[PDB]
């Protein structure tokens, strides 16, 4: 007694779904699993709707041209076959179910349209489209019509349109040019004008759909129809003496029918992926499985070599193969879908007489171009959005790792600087007398009277976006001793203090340099250069440097206290919002009042509005797919904070620190970063 495992399949209702049912049974007799196959209308439109919310079928059958869109939306699981299995099916059938180098369905059958004619009514079928009108009035004058076929789905009409120059995209040597779309060129117009003239001269009827045609030919009311393999069973059971042959030519050139590979995709949202594989690989794609479907509705030229070889001597299949060679295989790109919609209306309008042929096709080219554009953009968006996770999976570790001693210059460059990952180096500052000497008492006896440039801000956030402005801190020149007073509580000051950022010898502040080093020698030998700056850092515990990135190799050394960093690799850029801001600077008056004051004749300054501590996920939801790294640097410790790394600094009260700025190498890594940042803004990711 259960409510248990199942396998539901969607397949179009012109295909042998009863044959597929039987195969479903032999499954259900060899496991307990009930296999139910369904043929809903517009199943290929329903699937991408319903499968994203998690519902939908387990397996979907359709011509392969639909299967790329399904994969661009991530609805199709990757199929993983043995190679004893991949060499069981023809190679080009696998290539039709390959999106962005990856397999997304199992190929079932290769199908193309052919000219089905009534051998009793028409002993020698026409070789040209141009004969058909002549042939029609000769047959109306015997009580029937010459040619009938579905005029409601562009798939049937397209072999003629493409004959004299029509083409979707462009399949010149190598593969498809998605800039070169050709649905409103001379040759497209020619075939379509011909189709429309057939209707005009009442050789055909614009209202004719699939069902009207099939019924007509199978009753012997039409000498010729145009259909694919699935249609043959219903004529065999009718008793029209019929043949299947090469499509007639137009203006001396062959009809070019888009070739379709019936494919089975697996629903990425299925709880049954592995039974789906046991069903298709080992029950359907067999001589036994394809036979049971084919007995119902002929599949065409199958993908399974074994059973393809056993059937290929059917003149109906040979003819199918002939027309497929004269035609071109459909691309599976997600642009296929809007292409069909565009031509569907183009044909339906030109045949009904609503628009001329020359405008219907013009409209279809224009409107399909506009979608082909937005589709391109979305493909770019995903590339940029899947990139950040792709990167950190490969190089960027989720923690800042510690070294127990300084690395060799070689090892420092090969392990950290070139791969652009941070680390904390230990036991590298123990030769600094600063580590023992630098007390807020020794600093007061040593540089207490020395006047420095001090950063004043109302809320502790220097260089942050405040409303519509990027605001820089107020500057006040104070001795260090009264910086220390305000920090120990002994005195008071408007806002939040912290010492600004070139001291140790260019401020000046030279009495401390002897307590430190002018550079990190193993770092300098590694980067092949001296630091551009050496900065002394002292400040309030409310000073929060906001999220930004530097064009410098920064060695952050902590002498007393702690430093709390929140890092993001340059890779996380597509998910880090950037805006453009009017640059300002705080003015502090002798009232303790902070006023925002636009920086005159400065360029707009790009900055990150996002607050990584408490992010507005409503305004910036994309940021929740970034991956922050956290570390804490403390007394005696040195953080290597690579170039272009997004960082956000906090510290304990009265934290003292020295940091070296080496200029970065402007290299391939930099140039790529500019490219991404630019593509992030163009594609409106922000």
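Numbering follows the first chain given and starts at 1.
Counting the unmodelled positions of the deposited sequence between residue 501 and residue 502 gives a small gap of 1 to 3 residues. In this crystal structure, the stretch out of 277 to 285 and 243 to 251 whose C-alpha atoms carry the higher mean B factor is 277 to 285.
Higher average CA B factor: 439 to 447, of the stretches 439 to 447 and 512 to 520.
Residue-level inspection of the entry shows that, of 233, 270, 526, 427, 270 has the top Cα B-factor. Set against one another, the Cα B-factors of 130, 532, 111, 172 in the record reach their highest point at 172. Per the PDB record, residue ranking by Cα B-factor puts residue 50 in the highest third of the chain.
Per the deposited record, the Cα B-factor of residue 24 falls in the highest third when ranked against the other modelled residues of its chain. Placement of the Cα temperature factor of residue 646 within the chain: lowest third of the modelled residues, per the deposited record. In the PDB entry, a CA B factor belonging to the lowest third of its chain's modelled residues is recorded for residue 639. Ranked within its chain, residue 622 lands in the middle third, by CA B factor from the PDB record.
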